[PDB]
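Below, in structure tokens: the form solved without 6-nitro-L-norleucine, a single chain.
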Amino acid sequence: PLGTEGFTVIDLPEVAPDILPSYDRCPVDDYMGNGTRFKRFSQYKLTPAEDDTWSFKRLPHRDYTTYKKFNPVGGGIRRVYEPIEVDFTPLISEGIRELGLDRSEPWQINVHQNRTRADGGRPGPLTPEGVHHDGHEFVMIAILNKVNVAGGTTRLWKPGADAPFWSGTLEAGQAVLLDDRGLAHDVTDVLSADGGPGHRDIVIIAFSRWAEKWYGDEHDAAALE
């Protein structure tokens, strides 16, 4: 599992050939990134399955809801997104393996398929909410492709720190796994590398025990206050 200071960076395996092209078919995110962001969203139930296997079950598609206390810019509202088309679960399995997720109860995950674009005039903001916790137990952020972009540096922060204790620009084929409770994080804006268009394609997976799931009417009611 995570290495003493509550995060690990891993290399990801090769991904199925449909995954990278699917980012072209993600519709604009109407709620975050002011036109720079494109998004699909699905939710899964994670159950331990026999000899060290985890099974994934796609849940009925629902609006995304989070708390303003975790995301003041995009929280407290129903965010209507389309489902993810492709299958990120083999990639996610790598994070489950590196986290060594507690097999003693089932888990629930949010899966964000995010493209952020940058251009000469206009960086692509990755965490306009700033330094923050997502509100879950664990978070996995995986980079699937970067084209003509600089910046996009992940920074990890201890509670109350004036400066991050760790920084690193995650590249295509890398993922960071983090204790989303013990650590906060932000990420610097995506910058156009040469003045022309560029983009950064990622997946964010937020892990919560099913008993604390971010799914259903009770969660929605709480997140929307």
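So that there is no doubt, residue numbering starts at 1 and follows the sequence shown.
Keep in mind that the form solved in complex with 6-nitro-L-norleucine is missing from the display, and what follows is about it.
Taking the partner from elsewhere, residue 89 is found to have every heavy atom lying beyond 4.5 Å of 6-nitro-L-norleucine in the bound PDB entry. Contact check for residue 10: every heavy atom lies farther than 4.5 Å from 6-nitro-L-norleucine in the bound PDB entry. Using a 4.5 Å cutoff between non-hydrogen atoms, residue 146 does not count as a contact of 6-nitro-L-norleucine in the bound PDB entry. Put simply, residue 112 is close to 6-nitro-L-norleucine in the bound PDB entry: some heavy atom of it is within 4.5 Å. Taken together, the three residues 79, 129 and 134 all come within 4.5 Å of 6-nitro-L-norleucine in the bound PDB entry, as judged by their closest heavy atom. Residues of 34-49 lying near 6-nitro-L-norleucine in the bound PDB entry, listed in sequence order, are 37, 39, the criterion being any heavy atom within 4.5 Å.
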